[PDB]
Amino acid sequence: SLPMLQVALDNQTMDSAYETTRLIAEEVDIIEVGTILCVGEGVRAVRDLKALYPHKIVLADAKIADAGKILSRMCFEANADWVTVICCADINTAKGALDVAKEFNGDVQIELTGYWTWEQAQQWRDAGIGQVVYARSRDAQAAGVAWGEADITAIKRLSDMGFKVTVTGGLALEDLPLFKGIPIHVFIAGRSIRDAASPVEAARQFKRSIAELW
């Protein structure tokens, strides 16, 4: 399988998000309700986006930290396909969210941003979690933290544990060759698509490069 392409709608309001979706919804595989849009608009953003694009996978990037069953159910009742749980959530939070995902035939991803451990990685695996998002923090990036070999070896290690790995966090087109040879499940782009002079070209170039590399 080729890595899928996900657009992150890190917008504060629906109308701002639609400025992007009206250009590129058909140019990507997955539409993400970004955490910024989850907090700006609430779960209506999931419901509205899935009604607009029912044939796309909709990911609610809620970064659930507790109340796994409650928050997941809210997102799944709004018709999310997938939801995120932040890495430092209690293991029972992740388990809870996953139990609810299964009722809706959806899925849970653990968002790996900031501090987490390899022991937690094993715990998620034993809990039946099959997806992680290897996600360089926007704020770490802004402080000058680049992608590096340690990221590549961590991603390969996660893949080898049986996770379908998503790669994200200020990704630019030119970053993609860093990950060649790894069976990446999804690459996410937010800013590099939404804020490009031509969002359509930016999305197609991502897809082109992925097809060439994989």
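Residues carry their position along the shown sequence, with the first being 1.
- Of the two stretches examined, 71 to 79 and 140 to 148, the record assigns the greater average C-alpha temperature factor to 140 to 148.
- Here the stretch with the larger average CA B-factor, out of 205 to 213 and 4 to 12, is 205 to 213.
- For the set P183, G34, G169, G40, the maximum C-alpha B-factor listed in the entry falls on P183.
- Considering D160, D61, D48, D66 together, the PDB entry gives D160 the largest C-alpha B factor.
- The deposited CA B-factor of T84 belongs to the lowest third of values across its chain.
- Placement of the Cα temperature factor of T113 within the chain: highest third of the modelled residues, per the deposited record.
- Compared with the other modelled residues of the chain, the Cα B-factor recorded for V133 ranks in the lowest third.
- Ranked by C-alpha B-factor against the other modelled residues of its chain, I155 falls in the middle third.
- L176 sits in the highest third of its chain by CA B factor, as recorded in the PDB entry.
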